[PDB]
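Below: one structure, written as structure tokens.
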Amino acid sequence: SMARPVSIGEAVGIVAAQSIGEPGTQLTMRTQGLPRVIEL
Amino acid sequence: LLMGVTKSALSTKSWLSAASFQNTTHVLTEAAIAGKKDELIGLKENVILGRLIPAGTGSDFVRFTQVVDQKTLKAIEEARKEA
Amino acid sequence: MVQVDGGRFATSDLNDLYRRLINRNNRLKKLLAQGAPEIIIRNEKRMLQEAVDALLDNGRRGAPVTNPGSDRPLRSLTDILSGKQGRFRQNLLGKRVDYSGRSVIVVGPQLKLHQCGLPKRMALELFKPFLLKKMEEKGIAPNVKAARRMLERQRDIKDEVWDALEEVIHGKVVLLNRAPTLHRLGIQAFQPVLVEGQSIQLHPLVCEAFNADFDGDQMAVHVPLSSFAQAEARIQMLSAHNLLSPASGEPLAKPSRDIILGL
Amino acid sequence: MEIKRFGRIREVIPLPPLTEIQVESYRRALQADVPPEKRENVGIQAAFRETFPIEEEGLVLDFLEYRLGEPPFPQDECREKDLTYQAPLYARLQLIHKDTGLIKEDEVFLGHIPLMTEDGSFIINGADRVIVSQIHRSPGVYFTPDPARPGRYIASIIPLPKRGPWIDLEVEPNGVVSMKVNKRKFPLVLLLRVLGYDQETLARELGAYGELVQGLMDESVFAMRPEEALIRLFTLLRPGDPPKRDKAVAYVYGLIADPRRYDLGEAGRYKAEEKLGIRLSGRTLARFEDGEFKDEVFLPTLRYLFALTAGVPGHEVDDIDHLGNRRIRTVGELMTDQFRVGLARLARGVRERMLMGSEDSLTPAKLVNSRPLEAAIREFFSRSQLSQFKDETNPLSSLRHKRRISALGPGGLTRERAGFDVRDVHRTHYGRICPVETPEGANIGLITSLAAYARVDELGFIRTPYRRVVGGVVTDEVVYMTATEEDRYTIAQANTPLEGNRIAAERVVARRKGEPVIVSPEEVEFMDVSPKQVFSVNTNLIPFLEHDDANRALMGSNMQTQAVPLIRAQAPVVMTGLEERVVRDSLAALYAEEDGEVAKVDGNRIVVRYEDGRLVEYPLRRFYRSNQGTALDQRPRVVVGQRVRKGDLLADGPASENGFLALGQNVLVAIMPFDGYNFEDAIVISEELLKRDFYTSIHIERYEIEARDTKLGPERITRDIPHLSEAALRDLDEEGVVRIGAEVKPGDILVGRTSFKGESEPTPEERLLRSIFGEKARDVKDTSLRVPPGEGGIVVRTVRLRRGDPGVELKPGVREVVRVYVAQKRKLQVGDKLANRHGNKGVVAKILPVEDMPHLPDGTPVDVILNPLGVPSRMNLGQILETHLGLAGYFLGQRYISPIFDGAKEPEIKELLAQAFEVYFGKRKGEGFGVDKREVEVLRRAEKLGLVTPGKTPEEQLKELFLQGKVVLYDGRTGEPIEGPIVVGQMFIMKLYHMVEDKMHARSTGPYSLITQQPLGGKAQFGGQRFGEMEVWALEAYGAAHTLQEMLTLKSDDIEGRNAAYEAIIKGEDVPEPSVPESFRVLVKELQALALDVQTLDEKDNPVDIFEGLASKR
Amino acid sequence: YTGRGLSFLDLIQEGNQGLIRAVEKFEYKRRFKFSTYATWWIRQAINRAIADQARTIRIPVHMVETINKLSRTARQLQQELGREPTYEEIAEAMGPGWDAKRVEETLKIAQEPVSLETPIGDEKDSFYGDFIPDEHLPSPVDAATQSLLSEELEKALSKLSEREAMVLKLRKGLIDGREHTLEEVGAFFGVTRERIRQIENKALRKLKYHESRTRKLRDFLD
Amino acid sequence: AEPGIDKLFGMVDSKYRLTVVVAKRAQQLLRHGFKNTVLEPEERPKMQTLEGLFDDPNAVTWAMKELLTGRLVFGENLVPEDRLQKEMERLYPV
Amino acid sequence: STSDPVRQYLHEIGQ
Amino acid sequence: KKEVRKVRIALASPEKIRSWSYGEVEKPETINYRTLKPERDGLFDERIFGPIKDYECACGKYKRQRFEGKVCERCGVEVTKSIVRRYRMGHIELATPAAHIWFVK
DNA sequence: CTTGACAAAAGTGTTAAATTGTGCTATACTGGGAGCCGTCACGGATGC
DNA sequence: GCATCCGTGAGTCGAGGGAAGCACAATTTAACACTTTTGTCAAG
Ligand SMILES: [Mg+2]
Ligand SMILES: [Mg+2]
Ligand SMILES: [Zn+2]
């Protein structure tokens, strides 16, 4: 978000979860799409 | 050993964060029998107790920073080194 | 066991579960003193065991206990702490908060990236304690209690109140929130610009991050109170400071539909 | 303003009555008009004949007839007094003493049956309600494939809901057919034996299919006596009970052969006969006669299963979602089902009371306790899922509500347990359920609408009309046929060309079992009545529907239900043809019964002198408040002395203009971006709309207060409220209620009430204060009703109900109730939501002055500016075509009717535009004006864009642009032309019920919850905003530890922190450090109530008391 | 007796207690069969148990008998009038000593409390308890104004003499939390009862004079 | 964007330390009534009121402007917490 | 029936 | 005083459960149907869970904070803050032991 | 500041009236009653 | 391996939705005087 080395004390775990799940609604649902990610 | 996100989260060392996710009865029954102690490491445990999360401005790395101007800093140093 | 405004009494399901256990416990004591046969004692002991089960965890074993005249299961201690409506997810991990408002959002094209259009009447209620102090500082009201009365009636509010409010919010920021909050850019801090009307004005460039268009969307307004909360919002959460995406590192506030077309 | 009509399809039959799904079903159930001897065995008459007679097993209570009385109060009174519109029900029963042989007859009052108004709704406790029809699986016998094991089928016998258990017939791998009942599986031979079936009898029928019969020919029980087999079967079903022939027979007889417990239904029985090729004597699986069990449906069910498994050509599986396998339970059937439930409870009380207490001296009145029956009826009409608060924002809202079909409710699917299969558009939906109209979201496919031409038949199956085609010539004979019957024919399309009545097309587009096919005229057997029968009433109100994407046409039809009535409402310039029928069939307008003359016309009533000479006076509903607050009033449309023919309009209702549905205004629209105020669906409007009162609506709010008897004393509604100046009491009358016509703003008193203060000694500081000022404390306190924040208007009505008033059923302890009606005239403002019929919706984001809007060269400003960027993604091209036709009609002064899928085409629209240019540009030439310099500049750019032909004169190129719907538009701010021609036209836009006035809400402090002490939720409760888990994550990701901590403690439930934070702020200080929330304390005590020792420790593991020493025993 | 507030097994256990009593009191000399005599006690125990355990807010036995009789009387009038009787019909039916006011009071007394967990709406996410404010704990505005009043009064009493301020702070219970009578205050300062009433009246009068000159304390009086 | 935010972010190793420094300094300014400011009279933030230009009441604005000047010292374990408050009280009595 | 308390009681009194 | 750094959860013994309680609940009575006051020995007893209004006993003999931490002899209700009524627990003495369903099912 | 008489308020019995709690009824009676399928689909964990 | 039992399924809002009686002993409550305790008045 800043194009510079991460600062000590950042909640990278929450950022990782939010980044992965945010585009979840854009994944196909119809071994592919969101169901593929969930089993992975 | 490889386990999924659900099983990896439920087998965490903090019963507060595990009890608030899923299987509250199972998590609490095992925590009670073992007499588990929660050290309040993560974010959910502190949010539950209304404490300051150990991240961002609540992290120990930055949380104890002190700000002081020159005029007061000289007074403190002068008032101490003179003796 | 509280009395509602109308005089009716409302109580929780725990009192019913406690009463059943006490009624059965007392009856067993009477039967034991009477030297009842083992069949009668066994039935009461079995009932007492089930009464404790229902109190601790209703419906886990056998048919759930229901309130007479209805089919709704009684809420037990386990049901209180478990589920999406339990204490954890409903009251501990998330709460309802004061100094919060809501309204429909419209597009403000004249705003700067770090500004929002906050209605005057929303701002009056959100910043009420700050306003009462400022009114008392000036000559608007003699004391905070007199000032609070003035705001109670709409026709009693003078025109100097709005001038004082413009001073209260100076420099301060507010948090705009749109649900669902998929990522952290779903909450952003803006410097309110008091506007006439009832809808919040949103900058065009922050609509993609909020995922907010203007076909009926609504947003929540929150006021950080202390100096830390204001410093954190103005430094870390400010809209003009979060220009790249935390997920990919690419710009997240960038030209959009009508802007691209003109350029 | 003449109306020009488009289309070539000629509808041979008109739309059926749009509310007959409600009105007809309830009449059949009640049968309140047919004489008792002519009543048929349907509705509540069948319910009486099923439960009765009641036999003691020496007393028999018999049922002879029932009747319904006149309702105690009229509909208007019921709404005003919060009553239910109902008719008393009397049953004439006769008690017969078998021993002595005496009959005593008397009429017993059974209770009250809610009555249906003329429009098809109910008044339950003074509120209009609609019973939504439910769609479910039809009873009958169905044969589906086994998913686990290919080549194996399962036979299911489905009774009416809550009218018996499901029976499943399966062929086990071992070869023995198993019957599963109540989750218990067992061999059908045991049950089949009980029905008097021997070894050779089965072989005579089921032996000609293969080895399957071998598994149903076990001699281990064939030699067994049926009486022993019955006992054996009873043990299998419910094990443990003492086996007895009297007990075993009763359980078996009532399981599958008791008409009072098992009911296959009229639809189920009809489906079973049609499928199994049999004729059922009754509606039960087996019949018990001559002291033995007789089989009815089990044998044919097993014959079909074996034959289907064998592979006989004539037997096939069943599609459960097939609309011939799904039926509709209308209001009549739903009500009768609850009537039978309550009437069964009444039978139980009679049986248990006729065997105890003065057995010789008994009368039908003593035996019958109607409380169980009334409770069943009142529960259905109040606490049912299908009984819904009527939607009456406008006349179309309530019409749609009555035609909605719901798969949910008692006995239906669950919003979360329903999969894709139940939500799909089945091929049999064609002509019976609208494919577009549905709720987008979690209820998509679960709530739908009846098609325009569809009607539910007697058995509950939706039928649709088809024209009989014989020899290639289409006749006017219309046949209503269900989905199962529709599958046997080739059905052509309504748009097939005809030369008179003969099909002219050599190749005809048809359907064969839902599959499109190309056939010759001689192969066609039926034809569609019209394209309208495929869609609902809402979706038939969208012109140019064939050009709209279905996802957006779904929004367009749903939004029409949310449009508010306007004081200056207008019928659309482009209509489809259903506008007049919607208003007529909603019963909101008023029409002449027959030929006559108008004698008195007024704003309150109309008097008509009919030709027969009788005078009829029609009161007009004036400024009435609907369920949603919109004002519903009828305005007279006739003058004294005017002759009116039968059916002529007398008064327009809400949202109608001369009998046409008028849900909005006709505005001049420019489709172009505008300074970013069109951004992302926002809309720009002119201040000229407000000046002439366009989109101005009247809304009424009701405020209610009560005076109650209390232990401390009675609450009094009085004008003498303590410690109130004369400014606050200015508008109250001597009785303490605000005077009518008074303007009330937030904080103003509506009704003045005083309550006795609970005796509590004042705090020492307040006691010193009172002593200083020498003021004696009063015993009563102000508890009056004030206008809430963001509300107000003009007081138009006050209703005062007192204890003892006729029909006023107040609660115990309530002395009186005062209701105040406050009406406000709402003008369009920034944040209000506007929409058109083609799914385009947005919020007003800017109101410009007239001199800022783009204007035509003649000086006409546009009214609304729409962003073109909303069209390409949405693919709703109907709004563009409507705008083009509106532009042509704007200059020609006419309106148009283009039926959906049969209407105006671009070649026809462009000929109208060619005419409109002559009036639009021909006028200018006569006035002495040529072509503007600014228009010549735009024409030069247009020819570079390929929009106009090079080498033509300026006038010729202006006409070329006009035929495309484009004009040269000038900028109101600079005066220079927009560099390109703009699509300007006239569009019909509706003002929706969602207004920012009812949605803006803010809070600093207010009510808090009882247990958790957190702020309440909801604008009505003055509650706070929910900071859910996902919002907490965002602050955690931001690193805002202190912002997050405040919301968790100081602003939500830190009782000490929130008291200190507020006091710190009003003193000019910074808020203090927060403490433990009160929700964590609740959690610790709740965990302790579970016998769990939760302890908070410190760095050294020593206990830390978070309860401040208030819970430690010394 | 099912459906009257107690479950089937609860009724049986209450009936069993009546059966135990019947065994003790039964007399076989009379030659009456046991079920003839034991049925009285079994029904008596079951019926009493309902009157004592069927309601969250227990109502005495006599009041339950009145409530049941009142409900029976109304139902008979309801079946004969073809409509719900008014409190006047019911009062007249009950007999002497009954009026419409008493009938309404009895019906108000017989109202069961409503559960705080009753859902409202189709969604199972809203309950009665979510709409009931807590009106016991003071609100932040109430607590702040109480501290503001105390703070201003402390400054106002500062203008008073050292003893005069103390007398008012005692006579009004500003120190011990409870008022002290003239004699009780006098013992503290060793002065007579009549004298204290003089200084307190004089000290109170002075506070009135100051307030008129500033009007800094009239807002808190409402 | 806050003025000089790019320069402020470059004065600290962790962005969350800047919030702690600014938030703590703002409280010092509030507690002493802005009498301890290291800003010259011509540098004090001002707000436009109807009567005229007055000092900015927002202390977070004062703290951010002071940090840009470079006249403030921040870090960990600078001076004892108890001694710092005592010394500041003497210099700027409030 | 073990899961049914009433059936279990009725069985016991039937002995 | 000291800050909370850990939270421990453990089984509670019958002895510990009796140390938590301020008294045994012996009756199923909640509140009087006429005066609407809590019933003695019931689920809402003031002598167990605390006073309903601050510094005021049930008998109405103590009505001020002067007698803080006192127990009235006439009624037995402690004269303290009514917020203790959110934190003070009672207990039921079972005639026979009953298993905790969490550790069974 | 200190008495001396003064009427009202608060406090202490004393007793009759409401109110509430408990026991008793004798022909013979002896094992419930509601429900019941678009049963929800999947994956995990345990008992075999 | 199969068979069985358990827990899980987005957010914010919104209006709307709140069938026995009687006889008797015991206990609690309300009325009625009659007796100290408290606030006052006028004085000295
Ligand atoms: Mg939107
Ligand atoms: Mg919806
Ligand atoms: Zn006490």
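Ligands are numbered from 1 in the order shown, chains are lettered A, B, ... in the order of the structure tokens, and residues start at 1 in each chain.
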
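In this structure, the chain D residues at most 9 Å away from chain I are residues 136, 137, 162, 163, 164, 165, 166, 181, 182, 183, 241, 242, 320, 412, 413, 416, 417, 418, 419 and 422 of chain D, with only C-alpha atoms (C1' of nucleotides) considered.
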
Interface rows for chain B against chain H: nearest pair, Å to one decimal, 7 Å, only C-alpha atoms, as JSON lines:
```
{"residue": "B:25", "atom": "CA", "partner": "H:102", "partner_atom": "CA", "distance": 6.9}
{"residue": "B:29", "atom": "CA", "partner": "H:102", "partner_atom": "CA", "distance": 6.6}
{"residue": "B:31", "atom": "CA", "partner": "H:9", "partner_atom": "CA", "distance": 6.5}
{"residue": "B:32", "atom": "CA", "partner": "H:10", "partner_atom": "CA", "distance": 4.1}
{"residue": "B:33", "atom": "CA", "partner": "H:10", "partner_atom": "CA", "distance": 6.1}
{"residue": "B:35", "atom": "CA", "partner": "H:10", "partner_atom": "CA", "distance": 4.5}
{"residue": "B:36", "atom": "CA", "partner": "H:8", "partner_atom": "CA", "distance": 5.9}
{"residue": "B:37", "atom": "CA", "partner": "H:8", "partner_atom": "CA", "distance": 4.2}
{"residue": "B:38", "atom": "CA", "partner": "H:7", "partner_atom": "CA", "distance": 5.1}
{"residue": "B:39", "atom": "CA", "partner": "H:6", "partner_atom": "CA", "distance": 4.7}
{"residue": "B:40", "atom": "CA", "partner": "H:6", "partner_atom": "CA", "distance": 6.2}
```

Item to complete: Could you please select, counting only C-alpha atoms, the residues of chain D within 12 Å of chain F and state them as a ChimeraX atom specification?
Response: /D:1038-1043,1068-1072

Discussion item. Select, as a ChimeraX atom specification, those residues of chain H with any atom no more than 12 Å from chain E (distances computed using only C-alpha atoms).
Written reply: /H:27-39,42-44,52-56,62-68,81-83,85-86

Would you mind exporting C-alpha atoms of the selected residues as a CSV table (one decimal), in the first residue's frame?
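After the write, again_25.csv holds the following:
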```csv
chain,number,residue,atom,x,y,z
H,27,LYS,CA,-37.9,-21.4,45.8
H,28,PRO,CA,-38.9,-21.0,42.1
H,29,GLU,CA,-40.7,-17.7,43.0
H,30,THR,CA,-39.5,-14.7,41.1
H,31,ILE,CA,-41.5,-11.6,42.2
H,32,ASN,CA,-44.8,-11.0,44.1
H,33,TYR,CA,-47.7,-10.8,41.6
H,34,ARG,CA,-49.2,-7.8,43.5
H,35,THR,CA,-46.4,-5.7,45.0
H,36,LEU,CA,-44.0,-6.7,42.2
H,37,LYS,CA,-41.2,-7.0,44.7
H,38,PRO,CA,-38.7,-9.9,44.7
H,39,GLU,CA,-39.8,-13.0,46.7
H,42,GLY,CA,-36.5,-16.9,45.1
H,43,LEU,CA,-34.6,-16.3,41.8
H,44,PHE,CA,-34.6,-12.5,42.4
H,52,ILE,CA,-32.6,-3.3,43.8
H,53,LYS,CA,-31.9,0.4,44.5
H,54,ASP,CA,-28.6,1.8,45.7
H,55,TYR,CA,-28.0,1.9,49.4
H,56,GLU,CA,-31.5,0.9,50.3
H,62,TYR,CA,-31.5,2.1,55.5
H,63,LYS,CA,-31.6,4.6,52.6
H,64,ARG,CA,-28.2,6.3,52.4
H,65,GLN,CA,-24.5,5.5,51.7
H,66,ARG,CA,-23.6,6.4,55.3
H,67,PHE,CA,-24.2,2.7,56.2
H,68,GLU,CA,-22.0,1.4,53.4
H,81,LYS,CA,-24.9,-0.4,45.2
H,82,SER,CA,-27.5,-2.1,43.1
H,83,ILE,CA,-25.0,-2.9,40.3
H,85,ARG,CA,-27.0,-7.4,41.3
H,86,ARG,CA,-25.2,-8.0,38.0
```

Discussion item. What's the separation between atom CA of residue 21 of chain H and atom CA of residue 77 of chain H, in Å to one decimal place?
Written reply: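 Atom CA of residue 77 of chain H lies at a distance of 14.9 Å from atom CA of residue 21 of chain H.
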
Within segment 28-230 of chain C, find each residue whose DSSP state, derived from the backbone, is strand (DSSP E), and express the selection as a CSV table (one decimal) with N, CA, C and O atoms, in the first residue's frame.
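Contents of the output file selection_1.csv:
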```csv
chain,number,residue,atom,x,y,z
C,95,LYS,N,-19.8,-4.6,18.1
C,95,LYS,CA,-20.7,-3.9,19.0
C,95,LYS,C,-21.4,-2.8,18.3
C,95,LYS,O,-21.0,-2.4,17.2
C,96,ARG,N,-22.5,-2.3,18.9
C,96,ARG,CA,-23.1,-1.1,18.5
C,96,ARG,C,-22.5,0.1,19.2
C,96,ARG,O,-22.1,-0.1,20.4
C,97,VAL,N,-22.3,1.2,18.6
C,97,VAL,CA,-21.4,2.3,19.1
C,97,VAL,C,-22.2,3.6,19.1
C,97,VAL,O,-23.1,3.8,18.3
C,100,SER,N,-22.3,7.7,16.1
C,100,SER,CA,-22.3,7.1,14.8
C,100,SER,C,-23.6,7.4,14.1
C,100,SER,O,-24.7,7.5,14.8
C,101,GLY,N,-23.6,7.7,12.8
C,101,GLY,CA,-24.7,8.1,12.1
C,101,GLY,C,-24.8,7.3,10.8
C,101,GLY,O,-24.1,6.3,10.6
C,102,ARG,N,-25.8,7.6,9.9
C,102,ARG,CA,-26.0,6.9,8.7
C,102,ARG,C,-26.9,7.8,7.8
C,102,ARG,O,-27.7,8.5,8.3
C,103,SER,N,-26.7,7.6,6.5
C,103,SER,CA,-27.5,8.3,5.5
C,103,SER,C,-27.1,7.9,4.1
C,103,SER,O,-26.2,7.1,3.9
C,104,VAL,N,-27.9,8.3,3.1
C,104,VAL,CA,-27.7,8.0,1.7
C,104,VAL,C,-26.5,8.8,1.3
C,104,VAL,O,-26.3,10.0,1.7
C,105,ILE,N,-25.7,8.3,0.3
C,105,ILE,CA,-24.5,8.9,-0.2
C,105,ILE,C,-24.8,9.4,-1.6
C,105,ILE,O,-25.5,8.7,-2.4
C,106,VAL,N,-24.4,10.6,-1.9
C,106,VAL,CA,-24.4,11.2,-3.3
C,106,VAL,C,-23.0,11.6,-3.7
C,106,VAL,O,-22.1,11.7,-2.8
C,107,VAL,N,-22.8,11.8,-4.9
C,107,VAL,CA,-21.5,12.1,-5.4
C,107,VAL,C,-21.1,13.5,-5.3
C,107,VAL,O,-21.9,14.4,-5.7
C,115,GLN,N,-11.8,14.9,1.5
C,115,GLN,CA,-12.9,15.6,2.1
C,115,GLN,C,-14.2,14.8,1.8
C,115,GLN,O,-14.3,14.0,0.9
C,116,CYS,N,-15.2,14.9,2.7
C,116,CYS,CA,-16.5,14.4,2.6
C,116,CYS,C,-17.5,15.4,2.9
C,116,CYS,O,-17.2,16.4,3.6
C,117,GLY,N,-18.7,15.3,2.4
C,117,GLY,CA,-19.8,16.2,2.6
C,117,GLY,C,-20.7,15.6,3.7
C,117,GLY,O,-21.5,14.7,3.5
C,118,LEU,N,-20.6,16.2,4.9
C,118,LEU,CA,-21.4,15.7,6.1
C,118,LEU,C,-22.6,16.7,6.3
C,118,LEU,O,-22.4,17.9,6.4
C,119,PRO,N,-23.8,16.2,6.3
C,119,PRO,CA,-24.9,17.1,6.5
C,119,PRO,C,-24.8,17.8,7.9
C,119,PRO,O,-24.3,17.2,8.8
C,174,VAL,N,-13.7,12.2,10.2
C,174,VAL,CA,-14.7,11.1,10.5
C,174,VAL,C,-14.4,9.9,9.6
C,174,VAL,O,-13.8,10.0,8.6
C,175,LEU,N,-14.9,8.8,10.1
C,175,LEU,CA,-14.7,7.5,9.4
C,175,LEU,C,-16.0,7.2,8.6
C,175,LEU,O,-17.1,7.1,9.2
C,176,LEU,N,-15.9,7.0,7.3
C,176,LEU,CA,-17.0,6.5,6.5
C,176,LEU,C,-16.9,5.0,6.3
C,176,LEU,O,-15.8,4.5,5.9
C,177,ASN,N,-18.0,4.3,6.5
C,177,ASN,CA,-18.0,2.9,6.4
C,177,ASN,C,-19.2,2.4,5.5
C,177,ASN,O,-20.3,2.9,5.7
C,187,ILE,N,-13.2,1.2,5.2
C,187,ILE,CA,-13.3,2.3,6.1
C,187,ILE,C,-12.3,3.3,5.8
C,187,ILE,O,-11.1,2.9,5.6
C,188,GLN,N,-12.6,4.5,5.7
C,188,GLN,CA,-11.7,5.6,5.3
C,188,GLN,C,-12.1,6.9,6.1
C,188,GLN,O,-13.2,7.1,6.4
C,189,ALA,N,-11.1,7.7,6.4
C,189,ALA,CA,-11.2,8.9,7.2
C,189,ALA,C,-11.2,10.1,6.2
C,189,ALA,O,-10.4,10.2,5.4
C,190,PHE,N,-12.2,11.0,6.4
C,190,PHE,CA,-12.3,12.2,5.6
C,190,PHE,C,-12.5,13.4,6.5
C,190,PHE,O,-13.0,13.2,7.7
C,191,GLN,N,-12.2,14.6,6.1
C,191,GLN,CA,-12.5,15.8,6.8
C,191,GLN,C,-13.9,16.3,6.4
C,191,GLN,O,-14.0,16.7,5.2
C,192,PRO,N,-14.8,16.3,7.2
C,192,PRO,CA,-16.2,16.6,6.8
C,192,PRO,C,-16.3,18.1,6.3
C,192,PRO,O,-15.6,19.0,6.9
C,193,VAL,N,-17.1,18.3,5.3
C,193,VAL,CA,-17.5,19.6,4.9
C,193,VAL,C,-19.0,19.7,5.1
C,193,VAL,O,-19.8,19.1,4.4
C,194,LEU,N,-19.4,20.5,6.1
C,194,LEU,CA,-20.8,20.7,6.5
C,194,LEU,C,-21.6,21.2,5.3
C,194,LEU,O,-21.2,22.2,4.7
C,195,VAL,N,-22.6,20.4,4.9
C,195,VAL,CA,-23.4,20.8,3.7
C,195,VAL,C,-24.9,20.8,4.1
C,195,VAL,O,-25.3,20.1,5.0
C,200,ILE,N,-24.9,12.1,2.5
C,200,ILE,CA,-23.4,12.3,2.5
C,200,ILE,C,-22.9,12.3,1.1
C,200,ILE,O,-23.3,11.6,0.2
C,201,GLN,N,-21.9,13.3,0.9
C,201,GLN,CA,-21.3,13.4,-0.4
C,201,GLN,C,-20.0,12.7,-0.4
C,201,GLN,O,-19.1,12.9,0.5
C,202,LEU,N,-19.8,11.8,-1.4
C,202,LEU,CA,-18.6,10.9,-1.5
C,202,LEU,C,-17.8,11.3,-2.7
C,202,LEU,O,-18.3,11.6,-3.7
C,218,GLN,N,-25.9,3.3,1.1
C,218,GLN,CA,-25.9,4.1,2.4
C,218,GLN,C,-24.5,3.8,3.0
C,218,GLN,O,-23.9,2.8,2.8
C,219,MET,N,-24.1,4.7,3.9
C,219,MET,CA,-22.8,4.7,4.6
C,219,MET,C,-23.0,5.0,6.0
C,219,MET,O,-23.9,5.8,6.4
C,220,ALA,N,-22.1,4.5,6.9
C,220,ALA,CA,-22.1,4.8,8.3
C,220,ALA,C,-21.0,5.9,8.6
C,220,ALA,O,-20.0,5.9,7.9
C,221,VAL,N,-21.3,6.7,9.6
C,221,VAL,CA,-20.4,7.8,10.0
C,221,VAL,C,-20.0,7.5,11.5
C,221,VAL,O,-20.8,7.3,12.3
C,222,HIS,N,-18.7,7.5,11.7
C,222,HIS,CA,-18.1,7.3,13.1
C,222,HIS,C,-17.2,8.4,13.4
C,222,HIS,O,-16.4,8.9,12.5
```

Worksheet item: Residues within 10 Å of ligand 2 (only C-alpha atoms (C1' of nucleotides) and all ligand atoms), as a PyMOL selection string?
Response: chain D and resi 438-444

Practice prompt. Dump as number ranges by chain the residues of chain C that approach chain B to within 12 Å, counting only C-alpha atoms.
Written response: C: 56-57, 60, 77-95, 228-229, 231-233, 235-237

Fill in: Test item: residues at most 10 Å from segment 750-762 of chain D, only C-alpha atoms (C1' of nucleotides), excluding those fewer than 3 positions along its chain, as a PyMOL selection string
(chain D and resi 703-708+710-722+729+731-733+735-739+742+744-745+747+765-768+770+777-787+795+798+818-822) or (chain H and resi 53+63-64)

Write out as a tab-separated table the residues of chain H that have any atom within 8 Å of an atom of ligand 3, one row each with the nearest atom pair and its distance in Å to one decimal, counting only C-alpha atoms and all ligand atoms, sorted by chain and then rising number.
```
residue	atom	partner	partner_atom_place_in_ligand_line	distance
H:56	CA	ligand 3	1 (Zn)	7.1
H:57	CA	ligand 3	1 (Zn)	3.8
H:58	CA	ligand 3	1 (Zn)	5.2
H:59	CA	ligand 3	1 (Zn)	4.5
H:60	CA	ligand 3	1 (Zn)	5.7
H:61	CA	ligand 3	1 (Zn)	5.2
H:62	CA	ligand 3	1 (Zn)	5.8
H:71	CA	ligand 3	1 (Zn)	7.0
H:72	CA	ligand 3	1 (Zn)	4.0
H:73	CA	ligand 3	1 (Zn)	6.3
H:74	CA	ligand 3	1 (Zn)	5.5
H:75	CA	ligand 3	1 (Zn)	4.7
H:76	CA	ligand 3	1 (Zn)	6.0
H:77	CA	ligand 3	1 (Zn)	5.4
H:78	CA	ligand 3	1 (Zn)	7.3
H:79	CA	ligand 3	1 (Zn)	7.4
```

Worksheet entry | Env. residues ligand 1 / 10 Å / only C-alpha atoms (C1' of nucleotides) and all ligand atoms / as a VMD selection string | (chain C and resid 105 211 to 218) or (chain D and resid 680 to 681 841 to 842)
